[PDB]
Amino acid sequence: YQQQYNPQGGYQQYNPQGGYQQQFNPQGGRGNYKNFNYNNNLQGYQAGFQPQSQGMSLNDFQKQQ
Amino acid sequence: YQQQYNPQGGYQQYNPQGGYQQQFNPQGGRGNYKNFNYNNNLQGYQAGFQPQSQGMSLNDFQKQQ
Amino acid sequence: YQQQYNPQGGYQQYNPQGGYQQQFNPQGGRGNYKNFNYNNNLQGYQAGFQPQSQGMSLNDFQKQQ
Amino acid sequence: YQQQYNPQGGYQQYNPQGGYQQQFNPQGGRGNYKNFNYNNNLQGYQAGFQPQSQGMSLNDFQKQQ
Amino acid sequence: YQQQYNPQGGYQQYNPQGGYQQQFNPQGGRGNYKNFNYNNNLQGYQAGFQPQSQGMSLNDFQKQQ
């Protein structure tokens, strides 16, 4: 079993952009706001050696009883 | 079993863009807001060696009883 | 079993765009809003070696009882 | 068993666009809104070596009892 | 068993467009809205080596009992 990653040269720009500005933005409103959940996740790889790997794992969240 | 990844040269720009501005934006409203769940996830790979891998895994979320 | 990925040169721009601005945008409304779930997921690969891999897996979500 | 992917040169622009602006947009309305589920998923590959792979898998979601 | 993918040169623009603006847009209405499910999925491949692969798999969703 032989796994070989051998890059030569190259230009790599890794620029993921997440803009979350004013996620909660009511304008001129009247009322009540209860149980607001914001989950913002950014994950990634620039090149790299990662067999049998997992980027992001999320479970059991954002529940109201 | 032989796995070989050998890139030579090249220009790679990795620019995923997520815009979440004003996700919750009521304008001039009256009422009540309960149990708001926002799940924002960005994941990726620029090149890389990752056999038998998983990008993003999500389960058991956003439930109201 | 021989697997070989050997790219030479080339120009690759990876630019997926997700625009989620004002996802929830009532204008001049009256009422009640309960159990709003927004799932926004962006995932991908620019090049890369990933046999037997999975991009995104989601299960058991957005349920109201 | 021999699998060979060897691209030479070329110009590749990967630009999938998802516009989700004002997904929920009632204008001048009166009422009640309950159990709104929005699932927005964008996934893809620019080039890459991925035999026996799966892009996106989703099950068991958006149910009301 | 020999599988060979060797593209030379070429110009490839991958631009799938999904417009989901104002998916839910009642105008000047009165009533009640319950159990609204919107599933928006965009998936694809620009080039790439992927025998025995699956783009998108979805099951067991959008059910009301």
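In the PDB header, cryo-EM is given as the technique by which the entry was determined, and 2.40 Å as its resolution.

Identification of chain A as Eukaryotic peptide chain release factor GTP-binding subunit from Saccharomyces cerevisiae is taken from the PDB entry.

Description of the pattern of salt bridges
A full pass over the atoms with the stated rule returns nine salt bridges over all chains. When the shortest N-O distance is used, the salt bridge between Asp60(D) and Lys63(C) registers 2.8 Å. Taken together, the positions of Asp60(D) in strand β5 (residues 54–64) and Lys63(C) in strand β5 (residues 54–64) put the pair across two chains. Note on accessibility: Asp60(D) and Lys63(C) belong to one class, buried. The network of salt bridges with common partners includes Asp60(A), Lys63(A), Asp60(B), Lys63(B), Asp60(C), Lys63(C), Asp60(D), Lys63(D), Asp60(E) and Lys63(E).

A closer look at the interface of chain C and chain B
Listed as interface residues are 65 residues of chain C and, on the opposing side, 65 residues of chain B. Here chain C packs against chain B, burying approximately 5400 Å² in sum over the two surfaces, 40% of which is carbon and sulfur. A per-residue breakdown of the area chain C buries against chain B is headed by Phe24(C), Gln46(C) and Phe49(C), which together make up 11% of the total. Our count for the chain C to chain B interface comes out at one salt bridge. Along the contact surface separating chain C from chain B lie 87 residue pairs in polar contact. Elements with a minimum of two residues in the side of chain C that touches chain B: β1 (2–5), β2 (11–14), β3 (17–19), β4 (30–46) and β5 of chain C. In terms of residue count, the dominant contributor to the side of chain C that touches chain B is β4(C) (17 residues). Split into classes, the residues belonging to the side of chain C that touches chain B amount to 20 nonpolar, 41 polar and four charged. Relative to β5(C), strand β5 (residues 54–64) of chain B is paired through eight bridges, and the arrangement is parallel. The residue bridging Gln54(B) from the neighbouring strand is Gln54(C), located in β5(C).

Conventions we followed
Residues numbered from 1 in each chain as written, not as in the entry; some residues may be left out. Chains lettered and ligands numbered in written order. Heavy atoms only, no water. Salt bridge = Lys/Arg side-chain N within 4 Å of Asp/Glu carboxyl O. Helix = DSSP H or I, 4+ residues; strand = E, 2+ residues; numbered from the N terminus. Buried < 20%, exposed > 50% of the residue type's maximum accessible area, 1.4 Å probe, protein only. Contact = heavy atoms within 4.5 Å. Buried area = accessible area lost by both parts, 1.4 Å probe. Polar contact = N/O pair within 3.5 Å; in protein donor to acceptor, adjacent residues only side chain to side chain. Nonpolar A, V, L, I, M, F, W, Y, C, P; charged D, E, K, R; others polar. Pairing = 2+ DSSP bridges.

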